[PDB]
Amino acid sequence: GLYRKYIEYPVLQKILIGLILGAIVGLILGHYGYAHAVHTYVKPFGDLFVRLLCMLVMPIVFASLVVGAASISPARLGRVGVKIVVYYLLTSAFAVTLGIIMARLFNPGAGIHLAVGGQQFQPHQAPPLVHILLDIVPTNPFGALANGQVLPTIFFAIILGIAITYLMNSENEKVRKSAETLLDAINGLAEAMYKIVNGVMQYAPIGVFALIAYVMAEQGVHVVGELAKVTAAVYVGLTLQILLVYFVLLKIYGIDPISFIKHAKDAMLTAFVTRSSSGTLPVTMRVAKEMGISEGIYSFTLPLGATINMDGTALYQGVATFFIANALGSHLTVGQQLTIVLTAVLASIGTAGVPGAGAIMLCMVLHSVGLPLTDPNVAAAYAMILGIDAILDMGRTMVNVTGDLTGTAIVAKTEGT
């Protein structure tokens, strides 16, 4: 009964209450002197969760990127598909850029000088820009899977998926059956890893509690004001994202944003109460029908936009990786911000899980910048963001629905009219 009502509780509320209980118990046991007994007894339960997330982050990238890039490729795209894919990738790039802008205009990380024992996180040296653009393509894909290097894995997985779906319409028979078997095996690997993501994110409140308790027991690092600042940064970034980006796009394409934003306000209210973008898929199909565009174009666009087009998750990734970069002392270069943009855009092309996928994609961005999520400073600054993930997730799901609704509207306009 107790175990069933613990599992039946939602994941994000339990992670937030685990963060709150971790902060309270860590402050109480840090004031009363018992801090080493918190460390040597509670830090394994908060490091096992980081080890499990670092286990899950690498086989998701290859499999989910192969499946997603095989459902994106120009061999399965007409004249609507190329325009909607170009819109989704460019709008995700604008979302990451606006998240980085709202993270540089604010300062969410400055204030928490994070250190585990006493030592500051020493950053690596950054290569030049041409070395990054030449390091995107791997010299060996298996040796880029066995190491870290999320961006060569992303590039090789996109290339492999597009080559498989080019082979899928070949005139042979054994070639087509072999390509179909390979794509079915890789899709089975991705669907097998999503269940382990569900299990690890069900374990997640104990790990977040066990990490936040140790961090509060070390110092009184004053994290409540900085987490309120990064929450305000995410909300102001999402509101300005909706307003500026979508109003500029609708004013370019001539369609009036007032009645569109009324119908989209109904859809946003539904998607903001239910906090799920896949749940309002008949709701946003109803709104797209009430705009009166074409039945085939929204019945083709809205599942693709619900499983691939993620704007609020990308903006959350930008602001979160910039908060983790500033809460440790390591500034980011221009190549690191281009790496953020590329990894967030190309990792929001295949990844769609019901829980946890934002946390795994933030792990991808962190391991692709250089913060490897094995030092306890990166794990602490990531656990605080994973705690705030609920009150970021509501607004980011609302922007995730607004993005594909705006894309459906403007692509149907330029295609029909």
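Results, tabulated for the structure shown:
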quantity	calculated
Under 17 Å from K289, Cα to Cα: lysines that are on another chain or at least 8 residues apart	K262, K265, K413
Under 28 Å from the Cα of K5 - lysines, other chains or at least 8 residues apart	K14, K43, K195
Average Cα contact separation per residue, the chain, under 8 Å, 6 or more apart, as relative contact order %	34 percent
Listed residues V80, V236, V334, most fluctuating in the chain (Gaussian network, C-alpha, under 10 Å)	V334
Phi to ³J(HN,Hα) by Karplus 6.51 cos²θ - 1.76 cosθ + 1.60 over the range 354-362, Hz, x for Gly, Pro	6, x, x, 5, x, 5, 5, 6, 5
Cα Rg over Rh - the range 334-417, Kirkwood	1.08
³J(HN,Hα) computed for each position of the range 325-333 - Karplus, 6.51 cos²θ - 1.76 cosθ + 1.60, integer Hz, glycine/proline x	6, 7, 7, 10, x, 8, 6, 9, 7
Helix-derived mean residue ellipticity, 222 nm - over the chain, DSSP H n ≥ 4, -39500 (n - 2.57), to 500	-25500 deg cm²/dmol
Virtual spin-label span in nm between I20 and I391, 7 Å along Cα→Cβ	1.0 nm
GNM result for the chain, Cα springs below 10 Å: residue of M398, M201, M168 fluctuating most strongly	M168
Near-label residues of the range 49-78 by backbone N, under 20 Å of a point 7 Å along Cα→Cβ of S299	77-78
Cα long-axis angle, helix 334-347 against the chain (0 to 90 degrees, to the nearest 10)	60 degrees
Per-residue ³J(HN,Hα) for the range 182-194, Karplus 6.51 cos²θ - 1.76 cosθ + 1.60, θ = phi - 60°, Hz, x for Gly and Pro	5, 5, 5, 5, 5, 5, x, 5, 5, 5, 6, 6, 5
Which of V369, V354, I132, positive extreme of dipole for the chain (C-beta unit charges)	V354
Acute angle (nearest 10 degrees) that the helix 376-416 long axis makes with the longest principal axis of the chain, alpha-carbon atoms	10 degrees
30 Å tail of the calculated P(r), the chain, as % of Cα pairs	43 percent
The range 1-416, dipole about Cα centre (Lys/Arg Cβ +1, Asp/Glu Cβ -1), debye to the nearest 20	400 debye
Cβ-derived FRET efficiency at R0 22 Å, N198 paired with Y9, nearest 0.05	0.95
Cα long-axis angle, helix 295-307 against the chain (0 to 90 degrees, to the nearest 10)	20 degrees
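We place every Cβ from the backbone using ideal geometry, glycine too, and count neighbours over all the protein chains shown. Computed from the coordinates by the stated procedures, all read-outs in this text should not be read as laboratory data.
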